[PDB]
Amino acid sequence: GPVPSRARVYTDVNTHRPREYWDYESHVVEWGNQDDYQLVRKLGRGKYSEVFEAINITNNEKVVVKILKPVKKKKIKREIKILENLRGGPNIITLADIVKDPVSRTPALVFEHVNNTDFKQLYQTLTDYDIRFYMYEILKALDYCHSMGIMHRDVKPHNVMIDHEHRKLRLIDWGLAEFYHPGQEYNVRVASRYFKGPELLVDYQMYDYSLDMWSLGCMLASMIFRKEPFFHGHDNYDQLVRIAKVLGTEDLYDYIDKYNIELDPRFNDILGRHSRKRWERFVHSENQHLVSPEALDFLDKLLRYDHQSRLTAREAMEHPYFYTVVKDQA
Ligand SMILES: COc1ccccc1-c1ccc(CNCCC(=O)NCCCCNc2nc3cc(C(=O)O)ccc3c3cnccc23)cc1
């Protein structure tokens, strides 16, 4: 069978905690009354949720209500418990309250409101400094939750909210997050297709926090190359082919061998033979102002097949790419 694997940081964080920290299944919820909030307008529909702007009628304060589409009661306790555990973490979204509509009884979570800068105001005047600044901010959130024994598992642009006027960022939607336990085999059918690490794409189930660092590298490539998304696959199978044409086929089969991943017979005759590209081939006149030897080095060390060789979040924060933003913050 498949060679096992261990996270190389924060491996046992959870084992050294009280059961109640990670045994969410047995967490008692106290559901308030959603009438305390008055819906203003719909802001998004998701696969698992529906989000609304609302007003807290006690203090006229602006809030966001997430009405949970029907899942197993476990996955609601999971998300809630993870939000309580992460409360007050740097750049984590804050869970304000937990409520049920009194006539409908469908459960809902209440969050803090973040003012969102238009994407056509962000993309146009993105400096090289702006990409480093917020990348550093996402890594604060990611290194924190990893240090608390949690994986986000759905890191993508949709779930990173940025208030550029206040230069503050927030990692949202924790509905896919899990606790890390050494040896646990996890569900691979998570995250969005473009941001799925190769471990999901091959059904290697013993993954860890480093899954969240593949997604972040996917975002970094998407931004500095002005290509959205960077790995643009038609389906979950072509996604690996899209990846393999950049990272090369050689490191892939060594990855397959090292963990003895039995690979789907669909993959045999579709990947092929592909050299590992040099990143320079992705730069051009209309994107080079964001590209540098430093950013390239940092990018290379996030996108690895072998999840063990990816930088940890705290390794990323110590990379030279961030040296200017580390010193300006002091
Ligand atoms: C400067 O570039 C970067 C540089 C470096 C690294 C990254 C970036 C970068 C790239 C792209 C983007 C995309 N741009 C955000 C996507 C977006 O805007 N997605 C709203 C979809 C529903 C909106 N509605 C709300 N949904 C919520 C759900 C939850 C939850 O489920 O927990 C919690 C809170 C809210 C919430 C809070 N306040 C207002 C609205 C909402 C952001 C940053």
# chains A, B, ... in the order shown; residues from 1 in each chain; ligands from 1
call {"tool": "residues_around", "arguments": {"residues": "residue A:200", "least_positions_apart": "5", "cutoff": "10 Å", "atoms": "only C-alpha atoms", "output": "JSON, numbers by chain"}}
result
{"A": [186, 187, 188, 189, 190, 191, 193, 205, 206, 207, 211, 236, 240]}
call {"tool": "residues_near_ligand", "arguments": {"ligand": "ligand 1", "cutoff": "6 Å", "atoms": "only C-alpha atoms and all ligand atoms", "output": "number ranges by chain"}}
result
A: 43-44, 51, 64, 111-114, 131, 134-135, 157-162, 172-174
call {"tool": "write_last_selection", "arguments": {"atoms": "C-alpha atoms", "output": "PDB file, in the first residue's frame"}}
result
ATOM      1  CA  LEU A  43     -23.896  38.842  -1.413  1.00  0.00           C
ATOM      2  CA  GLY A  44     -23.088  35.306  -2.592  1.00  0.00           C
ATOM      3  CA  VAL A  51     -24.174  34.771   2.493  1.00  0.00           C
ATOM      4  CA  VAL A  64     -22.558  39.236   7.430  1.00  0.00           C
ATOM      5  CA  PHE A 111     -19.308  37.141  10.753  1.00  0.00           C
ATOM      6  CA  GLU A 112     -17.561  40.512  10.796  1.00  0.00           C
ATOM      7  CA  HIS A 113     -17.967  42.652   7.706  1.00  0.00           C
ATOM      8  CA  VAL A 114     -14.902  43.474   5.606  1.00  0.00           C
ATOM      9  CA  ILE A 131       1.779  41.458  -3.754  1.00  0.00           C
ATOM     10  CA  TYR A 134      -0.656  40.733   1.353  1.00  0.00           C
ATOM     11  CA  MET A 135       1.178  37.476   0.630  1.00  0.00           C
ATOM     12  CA  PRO A 157      -8.908  34.074  -4.097  1.00  0.00           C
ATOM     13  CA  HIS A 158     -12.620  33.852  -3.266  1.00  0.00           C
ATOM     14  CA  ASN A 159     -11.729  33.148   0.406  1.00  0.00           C
ATOM     15  CA  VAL A 160      -9.210  35.979   0.907  1.00  0.00           C
ATOM     16  CA  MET A 161     -10.906  39.333   1.589  1.00  0.00           C
ATOM     17  CA  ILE A 162      -8.893  42.553   1.350  1.00  0.00           C
ATOM     18  CA  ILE A 172     -12.612  33.412   5.256  1.00  0.00           C
ATOM     19  CA  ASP A 173     -14.801  30.284   4.739  1.00  0.00           C
ATOM     20  CA  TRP A 174     -13.579  27.633   7.189  1.00  0.00           C
TER      21      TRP A 174
END
call {"tool": "residues_around", "arguments": {"residues": "stretch 5-20 of chain A", "least_positions_apart": "2", "cutoff": "9 Å", "atoms": "only C-alpha atoms", "output": "compact mmCIF listing (two decimals) with C-alpha atoms, in the first residue's frame"}}
result
# COMPACT_ATOMS: atom_id res chain seq x y z
CA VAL A 3 3.96 4.75 2.20
CA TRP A 22 -10.51 18.70 18.54
CA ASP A 23 -13.44 16.37 19.39
CA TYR A 24 -15.89 18.73 17.69
CA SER A 26 -19.29 16.35 20.96
CA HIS A 27 -19.25 20.16 21.06
CA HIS A 146 -1.31 25.40 11.22
CA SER A 147 0.29 26.12 14.59
CA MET A 148 -3.14 25.51 16.11
CA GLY A 149 -3.36 22.11 14.38
CA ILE A 150 -5.84 23.16 11.69
CA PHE A 179 -7.85 19.17 12.49
CA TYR A 180 -4.49 17.62 11.65
CA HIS A 181 -3.82 14.25 13.32
CA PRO A 182 -0.70 12.23 12.38
CA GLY A 183 -1.74 9.16 10.38
CA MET A 206 -2.37 11.26 4.24
CA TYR A 207 -1.75 14.93 3.50
CA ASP A 208 -1.18 17.77 5.95
CA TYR A 209 -0.87 21.56 6.25
CA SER A 210 1.45 21.71 3.22
CA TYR A 259 4.95 7.19 -1.74
CA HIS A 307 4.34 17.94 -0.14
CA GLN A 308 7.22 17.45 2.31
CA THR A 312 6.25 25.72 5.69
call {"tool": "closest_residue", "arguments": {"among": "A:82, A:99, A:201, A:330", "to": "residue A:264", "atoms": "only C-alpha atoms"}}
result
A:201
call {"tool": "closest_residue", "arguments": {"among": "A:128, A:118, A:35, A:238", "to": "residue A:105", "atoms": "only C-alpha atoms"}}
result
A:35
call {"tool": "closest_residue", "arguments": {"among": "A:93, A:110, A:290, A:80", "to": "residue A:38", "atoms": "only C-alpha atoms"}}
result
A:110
call {"tool": "residues_around", "arguments": {"residues": "residue A:286", "least_positions_apart": "2", "cutoff": "9 Å", "atoms": "only C-alpha atoms", "output": "CSV table (one decimal) with N, CA, C and O atoms, in the first residue's frame"}}
result
chain,number,residue,atom,x,y,z
A,225,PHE,N,2.4,36.4,-12.8
A,225,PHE,CA,2.5,36.2,-14.2
A,225,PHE,C,1.3,36.8,-15.0
A,225,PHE,O,1.2,36.7,-16.2
A,226,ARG,N,0.3,37.4,-14.2
A,226,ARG,CA,-0.9,38.0,-14.8
A,226,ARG,C,-1.6,36.9,-15.6
A,226,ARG,O,-2.0,37.2,-16.8
A,283,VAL,N,7.4,34.9,-18.2
A,283,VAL,CA,7.4,36.3,-18.1
A,283,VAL,C,7.2,36.9,-19.5
A,283,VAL,O,7.6,36.3,-20.5
A,284,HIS,N,6.7,38.1,-19.5
A,284,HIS,CA,6.5,38.9,-20.7
A,284,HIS,C,6.5,40.4,-20.4
A,284,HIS,O,6.5,40.7,-19.2
A,288,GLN,N,6.3,41.7,-16.3
A,288,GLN,CA,7.6,41.5,-15.8
A,288,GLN,C,7.8,42.4,-14.5
A,288,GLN,O,8.7,42.1,-13.7
A,289,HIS,N,7.0,43.5,-14.4
A,289,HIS,CA,7.2,44.4,-13.2
A,289,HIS,C,6.9,43.7,-11.9
A,289,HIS,O,7.3,44.3,-10.9
call {"tool": "closest_residue", "arguments": {"among": "A:136, A:31, A:21, A:129", "to": "residue A:98", "atoms": "only C-alpha atoms"}}
result
A:31
call {"tool": "closest_residue", "arguments": {"among": "A:212, A:137, A:101, A:36", "to": "residue A:153", "atoms": "only C-alpha atoms"}}
result
A:212
call {"tool": "select_by_dssp", "arguments": {"residues": "stretch 166-231 of chain A", "states": "alpha helix (DSSP H)", "output": "PDB file with N, CA and C atoms, in the first residue's frame"}}
result
ATOM      1  N   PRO A 198      -1.224  18.410  -5.982  1.00  0.00           N
ATOM      2  CA  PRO A 198      -1.166  17.110  -6.652  1.00  0.00           C
ATOM      3  C   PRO A 198      -1.540  15.962  -5.735  1.00  0.00           C
ATOM      4  N   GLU A 199      -1.447  16.135  -4.412  1.00  0.00           N
ATOM      5  CA  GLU A 199      -1.770  15.013  -3.537  1.00  0.00           C
ATOM      6  C   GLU A 199      -3.238  14.645  -3.665  1.00  0.00           C
ATOM      7  N   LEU A 200      -4.116  15.646  -3.719  1.00  0.00           N
ATOM      8  CA  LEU A 200      -5.520  15.377  -4.013  1.00  0.00           C
ATOM      9  C   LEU A 200      -5.687  14.769  -5.403  1.00  0.00           C
ATOM     10  N   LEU A 201      -5.004  15.327  -6.401  1.00  0.00           N
ATOM     11  CA  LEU A 201      -5.251  14.896  -7.768  1.00  0.00           C
ATOM     12  C   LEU A 201      -4.883  13.431  -7.997  1.00  0.00           C
ATOM     13  N   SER A 210       0.798  21.340   4.471  1.00  0.00           N
ATOM     14  CA  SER A 210       1.451  21.711   3.217  1.00  0.00           C
ATOM     15  C   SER A 210       0.505  21.725   2.013  1.00  0.00           C
ATOM     16  N   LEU A 211      -0.644  21.046   2.094  1.00  0.00           N
ATOM     17  CA  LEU A 211      -1.712  21.229   1.113  1.00  0.00           C
ATOM     18  C   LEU A 211      -2.074  22.699   0.935  1.00  0.00           C
ATOM     19  N   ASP A 212      -2.214  23.419   2.052  1.00  0.00           N
ATOM     20  CA  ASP A 212      -2.492  24.848   2.021  1.00  0.00           C
ATOM     21  C   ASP A 212      -1.343  25.646   1.411  1.00  0.00           C
ATOM     22  N   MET A 213      -0.133  25.103   1.368  1.00  0.00           N
ATOM     23  CA  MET A 213       0.937  25.884   0.767  1.00  0.00           C
ATOM     24  C   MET A 213       1.024  25.678  -0.735  1.00  0.00           C
ATOM     25  N   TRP A 214       0.522  24.560  -1.257  1.00  0.00           N
ATOM     26  CA  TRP A 214       0.403  24.453  -2.704  1.00  0.00           C
ATOM     27  C   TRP A 214      -0.579  25.476  -3.238  1.00  0.00           C
ATOM     28  N   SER A 215      -1.761  25.566  -2.608  1.00  0.00           N
ATOM     29  CA  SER A 215      -2.788  26.519  -3.026  1.00  0.00           C
ATOM     30  C   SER A 215      -2.239  27.930  -3.066  1.00  0.00           C
ATOM     31  N   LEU A 216      -1.425  28.287  -2.066  1.00  0.00           N
ATOM     32  CA  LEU A 216      -0.901  29.641  -1.994  1.00  0.00           C
ATOM     33  C   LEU A 216       0.093  29.901  -3.101  1.00  0.00           C
ATOM     34  N   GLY A 217       0.933  28.920  -3.432  1.00  0.00           N
ATOM     35  CA  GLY A 217       1.794  29.072  -4.598  1.00  0.00           C
ATOM     36  C   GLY A 217       1.009  29.235  -5.893  1.00  0.00           C
ATOM     37  N   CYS A 218      -0.091  28.487  -6.035  1.00  0.00           N
ATOM     38  CA  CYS A 218      -0.991  28.673  -7.169  1.00  0.00           C
ATOM     39  C   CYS A 218      -1.468  30.109  -7.277  1.00  0.00           C
ATOM     40  N   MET A 219      -1.805  30.716  -6.141  1.00  0.00           N
ATOM     41  CA  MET A 219      -2.189  32.120  -6.136  1.00  0.00           C
ATOM     42  C   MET A 219      -1.016  33.016  -6.527  1.00  0.00           C
ATOM     43  N   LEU A 220       0.185  32.713  -6.030  1.00  0.00           N
ATOM     44  CA  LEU A 220       1.342  33.554  -6.310  1.00  0.00           C
ATOM     45  C   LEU A 220       1.687  33.552  -7.794  1.00  0.00           C
ATOM     46  N   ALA A 221       1.694  32.374  -8.420  1.00  0.00           N
ATOM     47  CA  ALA A 221       1.885  32.319  -9.866  1.00  0.00           C
ATOM     48  C   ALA A 221       0.803  33.116 -10.587  1.00  0.00           C
ATOM     49  N   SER A 222      -0.461  32.939 -10.178  1.00  0.00           N
ATOM     50  CA  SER A 222      -1.571  33.633 -10.834  1.00  0.00           C
ATOM     51  C   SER A 222      -1.385  35.142 -10.835  1.00  0.00           C
ATOM     52  N   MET A 223      -0.750  35.689  -9.803  1.00  0.00           N
ATOM     53  CA  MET A 223      -0.636  37.132  -9.656  1.00  0.00           C
ATOM     54  C   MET A 223       0.590  37.704 -10.364  1.00  0.00           C
ATOM     55  N   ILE A 224       1.766  37.091 -10.202  1.00  0.00           N
ATOM     56  CA  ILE A 224       2.964  37.695 -10.784  1.00  0.00           C
ATOM     57  C   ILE A 224       3.077  37.435 -12.282  1.00  0.00           C
TER      58      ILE A 224
END
call {"tool": "atom_distance", "arguments": {"atom1": "atom CA of residue A:296", "atom2": "atom CA of residue A:327"}}
result
20.9 Å
call {"tool": "residues_around", "arguments": {"residues": "residue A:300", "least_positions_apart": "4", "cutoff": "10 Å", "atoms": "only C-alpha atoms", "output": "list in words"}}
result
residues 217, 221, 247, 278, 279, 295, 296, 304, 310 and 311 of chain A
call {"tool": "closest_residue", "arguments": {"among": "A:65, A:119, A:95, A:254", "to": "residue A:81", "atoms": "only C-alpha atoms"}}
result
A:95
call {"tool": "decode", "arguments": {"residues": "stretch 63-95 of chain A", "atoms": "N, CA and C atoms", "output": "short mmCIF file (atom, residue, chain, number, x, y, z; two decimals), in the first residue's frame"}}
result
data_model
loop_
_atom_site.label_atom_id
_atom_site.label_comp_id
_atom_site.auth_asym_id
_atom_site.auth_seq_id
_atom_site.Cartn_x
_atom_site.Cartn_y
_atom_site.Cartn_z
N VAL A 63 -22.87 43.61 9.48
CA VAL A 63 -22.50 42.24 9.79
C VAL A 63 -22.74 41.39 8.54
N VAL A 64 -22.34 40.13 8.56
CA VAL A 64 -22.56 39.24 7.43
C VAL A 64 -23.13 37.92 7.96
N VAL A 65 -24.22 37.44 7.37
CA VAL A 65 -24.90 36.22 7.83
C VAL A 65 -24.71 35.13 6.79
N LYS A 66 -24.23 33.96 7.22
CA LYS A 66 -23.96 32.83 6.33
C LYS A 66 -24.95 31.71 6.65
N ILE A 67 -25.91 31.51 5.78
CA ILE A 67 -26.95 30.52 6.04
C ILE A 67 -26.51 29.19 5.45
N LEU A 68 -26.33 28.20 6.32
CA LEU A 68 -25.67 26.95 5.97
C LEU A 68 -26.62 26.04 5.19
N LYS A 69 -26.24 25.72 3.95
CA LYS A 69 -26.97 24.75 3.17
C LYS A 69 -26.82 23.36 3.80
N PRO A 70 -27.83 22.49 3.66
CA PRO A 70 -27.92 21.29 4.51
C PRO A 70 -26.77 20.30 4.38
N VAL A 71 -26.02 20.15 5.46
CA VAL A 71 -24.93 19.18 5.55
C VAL A 71 -25.16 18.32 6.79
N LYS A 72 -24.32 17.29 6.95
CA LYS A 72 -24.30 16.54 8.19
C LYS A 72 -24.03 17.48 9.36
N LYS A 73 -24.70 17.24 10.49
CA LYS A 73 -24.52 18.12 11.65
C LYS A 73 -23.07 18.17 12.12
N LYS A 74 -22.28 17.13 11.83
CA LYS A 74 -20.85 17.12 12.16
C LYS A 74 -20.13 18.31 11.51
N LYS A 75 -20.39 18.58 10.23
CA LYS A 75 -19.59 19.57 9.50
C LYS A 75 -19.92 21.00 9.92
N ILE A 76 -21.04 21.18 10.61
CA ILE A 76 -21.38 22.46 11.19
C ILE A 76 -20.65 22.63 12.51
N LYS A 77 -20.67 21.60 13.35
CA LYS A 77 -19.90 21.65 14.58
C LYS A 77 -18.42 21.79 14.28
N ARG A 78 -17.94 21.11 13.24
CA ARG A 78 -16.55 21.25 12.84
C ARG A 78 -16.20 22.71 12.57
N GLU A 79 -16.91 23.34 11.62
CA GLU A 79 -16.62 24.73 11.26
C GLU A 79 -16.71 25.64 12.47
N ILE A 80 -17.80 25.50 13.25
CA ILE A 80 -17.98 26.34 14.43
C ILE A 80 -16.81 26.17 15.38
N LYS A 81 -16.53 24.92 15.79
CA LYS A 81 -15.43 24.68 16.72
C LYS A 81 -14.09 25.24 16.22
N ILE A 82 -13.81 25.11 14.91
CA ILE A 82 -12.55 25.64 14.38
C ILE A 82 -12.53 27.17 14.49
N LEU A 83 -13.66 27.82 14.20
CA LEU A 83 -13.73 29.28 14.33
C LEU A 83 -13.54 29.71 15.77
N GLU A 84 -14.16 29.01 16.73
CA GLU A 84 -13.92 29.33 18.13
C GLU A 84 -12.45 29.15 18.50
N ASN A 85 -11.81 28.10 17.98
CA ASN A 85 -10.42 27.85 18.34
C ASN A 85 -9.50 28.92 17.77
N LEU A 86 -9.80 29.40 16.55
CA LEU A 86 -9.03 30.42 15.85
C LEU A 86 -9.41 31.85 16.19
N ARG A 87 -10.40 32.07 17.05
CA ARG A 87 -10.87 33.43 17.29
C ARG A 87 -9.73 34.33 17.75
N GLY A 88 -9.65 35.52 17.16
CA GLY A 88 -8.58 36.44 17.51
C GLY A 88 -7.22 36.10 16.96
N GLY A 89 -7.11 35.07 16.12
CA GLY A 89 -5.88 34.83 15.40
C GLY A 89 -5.63 35.93 14.39
N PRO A 90 -4.36 36.16 14.04
CA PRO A 90 -4.06 37.25 13.10
C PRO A 90 -4.64 36.95 11.73
N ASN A 91 -5.49 37.86 11.23
CA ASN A 91 -6.08 37.77 9.90
C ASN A 91 -7.06 36.61 9.70
N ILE A 92 -7.49 35.94 10.76
CA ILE A 92 -8.62 35.01 10.67
C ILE A 92 -9.91 35.83 10.72
N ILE A 93 -10.92 35.41 9.95
CA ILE A 93 -12.24 36.03 10.10
C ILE A 93 -12.74 35.73 11.50
N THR A 94 -13.54 36.64 12.05
CA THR A 94 -14.08 36.49 13.41
C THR A 94 -15.53 36.02 13.35
N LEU A 95 -15.84 34.96 14.09
CA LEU A 95 -17.23 34.51 14.20
C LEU A 95 -17.90 35.37 15.25
#
